[PDB]
Amino acid sequence: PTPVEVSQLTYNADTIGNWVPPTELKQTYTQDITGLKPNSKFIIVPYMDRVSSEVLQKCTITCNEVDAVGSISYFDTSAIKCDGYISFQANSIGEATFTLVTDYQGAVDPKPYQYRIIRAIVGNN
Amino acid sequence: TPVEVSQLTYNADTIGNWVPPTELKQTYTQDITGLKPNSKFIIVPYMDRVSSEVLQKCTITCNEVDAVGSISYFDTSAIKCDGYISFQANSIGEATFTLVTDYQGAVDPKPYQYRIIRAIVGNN
């Protein structure tokens, strides 16, 4: 494995996905993001391309991986929030686990909240 | 002393506000300043902002040679906080962005908001 030289640093920011929506109005649950390069270091940020529910769908996310730092916030009604970030390292099999805490006023058919994963392509990252 | 590859971290704490429009349809530019000269960055949108409920659309590109991508904001019903731009800062630590806005109302608009991410590795 030949490391990418520092002078050749670039960011890959095209890995996007969906957070699994809640089945209850108040829920705490986990989701495993899979298929990441094992042991690579990432920043995950929220983004939004999503019709507002207009029923106050609040979601907060943290990461369960060792040494992960930060928190992500979504809110879709009036005071829109698409905020925060988590720095984390994928585990030895290319997975990271997150904890979702949701508090939705209505949850008939919730549209997923959306994330983007950012990876510096440098060294063996 | 350069940062060796095994000590890669990210700094994602530089945030800022995009200059807001004064006409309903407007094109303008903004110089972002105070970046490490010649370092490579990624800029992403974020939102922590009360919606205008009057269809404030903003589209952003970067004028820097080497820049790639585009950012979109929209605050009413079909919400957009989307896209990204990868770019290098210039020799004096700056980058120029072009904003194209299409706002159904523009009475004292609240800025759209951004986050700059830097990989801390090598001399970046």
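Scope of the values below: all heavy atoms of this structure, side chains included, with no hydrogens, waters or symmetry mates. Note on naming: letters A, B, ... go to the chains in the order of the sequence lines (proteins, then strands), and numbering restarts at 1 for each one.
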TODO: Give every residue pair that meets the salt bridge (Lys or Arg N to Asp or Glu O under 4.0 Å) criterion with at least one member in residues 42-53 of chain A, sequence neighbours excluded.
DONE: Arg50(A)-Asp76(A)
TODO: Using side chain to side chain contact (heavy atoms under 4.5 Å, CB included) as the criterion, list what pairs up with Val54(B), not counting sequence neighbours.
DONE: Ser52(B), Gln56(B)
- [ ] Using the test side chain to side chain donor-acceptor pair (under 3.5 Å), find all partners of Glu53(B) that sit at least two apart in sequence or belong to another chain.
- [x] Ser51(B)
With a cut-off of 3.5 Å and sequence neighbours excluded, list every side-chain donor-acceptor pair involving residues 11-18 of chain B.
{"residue": "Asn11(B)", "atom": "OD1", "partner": "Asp13(B)", "partner atom": "N", "Å": "3.0"}
{"residue": "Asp13(B)", "atom": "OD1", "partner": "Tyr85(A)", "partner atom": "OH", "Å": "2.7"}
{"residue": "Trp18(B)", "atom": "NE1", "partner": "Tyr73(B)", "partner atom": "OH", "Å": "2.9"}

Open item on the list: Does any part of the side chain of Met48(A), heavy atoms only, come nearer than 4.5 Å to the side chain of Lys80(B), both counted from C-beta?
Closed with: no
Task: Side-chain (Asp66(B)) to main-chain (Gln88(B)) donor-acceptor, under 3.5 angstrom - done: yes
- [ ] Considering only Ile, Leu, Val, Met, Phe, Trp and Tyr, and joining two whenever side-chain heavy atoms are under 4.5 Å apart, list the other residues clustered with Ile92(B).
- [x] none
TODO: Mind checking side chain to side chain contact (heavy atoms under 4.5 Å, CB included) for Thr97(A) and listing every partner two or more places apart, or none if nothing turns up?
DONE: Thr30(A), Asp32(A), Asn64(A), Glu65(A)
Please list, one pair per line, the donor and acceptor atoms closer than 3.5 Å that link side chains of residues 37-47 of chain A to other protein atoms, with sequence neighbours excluded.
{"residue": "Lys37(A)", "atom": "NZ", "partner": "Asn124(A)", "partner atom": "O", "Å": "2.9"}
{"residue": "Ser40(A)", "atom": "OG", "partner": "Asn125(A)", "partner atom": "O", "Å": "2.9"}
{"residue": "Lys41(A)", "atom": "NZ", "partner": "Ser6(B)", "partner atom": "O", "Å": "3.1"}
{"residue": "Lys41(A)", "atom": "NZ", "partner": "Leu8(B)", "partner atom": "O", "Å": "3.4"}

Open item on the list: Any non-hydrogen side-chain atom of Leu55(B) less than 4.5 Å from a side-chain atom of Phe74(B)?
Closed with: yes
TODO: Output the rest of the hydrophobic cluster of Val50(B): all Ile, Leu, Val, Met, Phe, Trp and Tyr residues reachable through side-chain heavy-atom contacts under 4.5 Å, sorted by chain and number.
DONE: none
Task: Listed partners of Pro21(B) passing side chain to side chain contact (heavy atoms under 4.5 Å, CB included), at least two apart - done: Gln26(B), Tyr28(B), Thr101(B), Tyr103(B), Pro109(B)
Task: ILVMFWY clustering at 4.5 Å (side-chain atoms), partners of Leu24(B) - done: none
Task: With sequence neighbours excluded, residues passing side chain to side chain contact (heavy atoms under 4.5 Å, CB included) with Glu4(B) - done: none
- [ ] Could you check if a side-chain atom of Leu99(B) sits within less than 4.5 angstrom of a side-chain atom of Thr59(B), using non-hydrogen atoms only?
- [x] no
TODO: Compare all side-chain heavy atoms of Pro2(B) with those of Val6(A) and state whether any distance is below 4.5 angstrom.
DONE: no
- [ ] Give the intermediate values and the outcome of side-chain contact (heavy atoms from CB on, under 4.5 Å) for residues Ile85(B) and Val68(B).
- [x] CA-CA 6 Å; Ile85(B) 306 171; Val68(B) 175; over 6 Å; no
Task: Pairwise side-chain contact, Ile33(A) with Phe88(A), heavy-atom cut-off 4.5 Å (strictly under) - done: no
- [ ] Determine which pairs satisfy salt bridge (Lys or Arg N to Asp or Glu O under 4.0 Å) with at least one residue from residues 83-107 of chain A, sequence neighbours left out, and list them in order.
- [x] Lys26(A)-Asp103(A), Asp83(A)-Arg115(B)
